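Single chain ahead, by itself, as structure tokens, in the form deposited in one PDB entry.
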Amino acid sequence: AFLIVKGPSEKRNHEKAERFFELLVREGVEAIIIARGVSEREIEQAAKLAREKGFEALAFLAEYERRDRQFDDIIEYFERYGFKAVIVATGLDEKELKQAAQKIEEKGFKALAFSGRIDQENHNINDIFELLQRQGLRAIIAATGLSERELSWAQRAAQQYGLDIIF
């Protein structure tokens, strides 16, 4: 299942989804980073290549592994790179994901879980990319090391939403 995360703001699933809707609407990021989610180096490279373009970014981690970090590595990404939101695709089902996510919510970060697998047709992921597109998304930044599945999906996404795709 997927988890979308935003940092704490001065400002349940239904209300929570609307808060993320409002966020993407106000932020209007120009880039989305697609990375595997294990190597921080890879995410670091792609983030730099986004600031270099003066693009605000969302991060999409396609093959995220929880390890023993309890999502502390996602929090560190907010701090170090200033991503407006982070999406992680996990091997967990929704109920376990919502459960595991409780730890990051304890720190003020808002997190919303929805069902799905990275390889499968996902309408919620389409809703996110579409809304990003509607609000000004310009480019997909493919970090080094992506699987051919994600690379191919990214190219189709660039074609669908009329985006530049950067490697």
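Residue numbers here begin at 1 and follow the sequence given. Between two forms, the rigid core is defined as the largest C-alpha subset superposing within 1.5 Å.
Unshown form deposited in another entry; subsequent notes refer to it.
Which is the one residue in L112, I118, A142, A139 whose C-alpha moves 2 Å or more between this form and the one not shown, relative to the superposed rigid core? Meeting the 2 Å or more criterion is only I118.
Yes/no, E56 Cα shift of 2 Å or more between this form and the one not shown with rigid core fixed: It does not reach a 2 Å shift.
Large Cα move at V25 between this form and the one not shown, threshold 2 Å, rigid core: Comparing forms between this form and the one not shown, the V25 CA shifts below 2 Å.
Distance trend in that other deposited form - C-alpha atoms of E121 and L151, change of 3 Å or more: Relative to the shown form, the pair is farther apart.
Once you account for a change of 3 Å or more, let me know if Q70 and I141 sit closer or farther in that other deposited form, using their C-alpha atoms. Compared with the shown chain, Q70-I141 is closer in that other deposited form.
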